[PDB]
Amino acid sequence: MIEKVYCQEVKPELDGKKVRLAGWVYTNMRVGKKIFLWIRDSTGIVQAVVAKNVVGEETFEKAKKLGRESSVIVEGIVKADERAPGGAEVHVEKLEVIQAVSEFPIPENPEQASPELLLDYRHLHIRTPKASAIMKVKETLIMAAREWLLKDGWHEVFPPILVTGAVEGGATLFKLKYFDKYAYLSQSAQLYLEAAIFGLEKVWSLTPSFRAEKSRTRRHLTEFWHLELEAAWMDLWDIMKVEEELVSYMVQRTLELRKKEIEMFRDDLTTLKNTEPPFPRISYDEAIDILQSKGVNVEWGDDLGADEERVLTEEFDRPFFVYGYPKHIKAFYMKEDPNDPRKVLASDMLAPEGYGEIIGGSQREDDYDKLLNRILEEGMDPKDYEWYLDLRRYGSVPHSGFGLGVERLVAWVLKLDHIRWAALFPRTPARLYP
């Protein structure tokens, strides 16, 4: 490959040096007698100045016709100039047009288009600066998680996606034909992580999870990226400490590295800056009282839906925990509160500013008889869970874990109006394509 110079490298200190740019036309404007092509690549935008008496009539005429997203190679000499973007421009000596484009279907400001058009052309939308900024934020949050997980001594595992058991209820399970049988798409790797702690003690995975959720909200995808941890020996309170340390590190590391991208989306970084341990903790009981005090018609035992969570977040300026939920609005695998068996040792972590749940976790039931009884009570077939019950037969230990919704976290960090914008190619009940 003939090596290129990235746009971000075009700096005043390169004055007088030859560079080869490779990228796509961002804008094309005549300035005086010259053509100014702003060329974008994955690192920035550089002004390339095309002069007729330097490149010749043929090249000059070709340059006039280059619309947005035309692919080009540009060779020229860097000139330091304070008026130019980045303080330096390229005086073009050679222009190779790879493909001229004049009708790119995403507008220069994509948010002047209908969101439905942007989704119809999602494969083109992702190359635009704001959409790409979201993907850089997403990769940085995940990089940060892996740094924290490595340092704190967790083992990464690669759990199955094709499964035979519901983790989070049958209502949101995708079913498929699998040769001579049927399989489901995993809603969560949790049960497999619970198997893995017996060999590795502290484990995590990052997997796509699948939820056949009919409701078309701004917080639900049918496919999402799910960062899950499970640990031997830890109780609910221990796992909550892990959650706040991990999320704080993810957010602070991403503030450190991606300030520029975040400032494209936020006028106020306060809640992100506030994201350090210890996070506020309220009981579900306290949540109900806060909600009732603000006029919300909620009764103890009711689920906290998105609208309840929204009002609740008004009282907080950073992520916070709600803990100790009524048993029967939570999943079958959760350990009862030994002080009050009406409740389970569950906690959710909610983001402020209306975003609501980003993590769901719990301490797991570690008693065989109790777990089996709960499976039966929920109308589940113990045969589908025999292997999971085995974990309570062959050296059971107390353990806890949780799952983080990566897109939910990205949506809060960037104050997105819909979770879909945090997925490279979002999947929702009416959207499968591109």
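One rule holds for the numbers: they count along the sequence shown, beginning at 1.
The mean Cα B-factor in the deposited entry runs higher for 290 to 298 than for the other of 84 to 92 and 290 to 298. The question of which stretch, 134 to 142 or 259 to 267, has the higher mean Cα B factor is settled in favour of 259 to 267. Residues shown: 223, 201, 348, 103. Highest C-alpha temperature factor in the entry: 103.
You'll see in the entry that, of 187, 71, 164, 275, the Cα B factor peaks at 164. Annotation for residue 208: C-alpha temperature factor in the lowest third relative to the rest of the modelled chain, per the entry. Split the chain's modelled residues into thirds by C-alpha temperature factor. Residue 405 is in the lowest one. When the modelled residues of the chain are ordered by C-alpha B-factor, residue 67 sits in the middle third. Annotation for residue 77: CA B-factor lies in the middle third of the chain's modelled residues. Compared with the other modelled residues of the chain, the Cα B-factor recorded for residue 366 ranks in the middle third.
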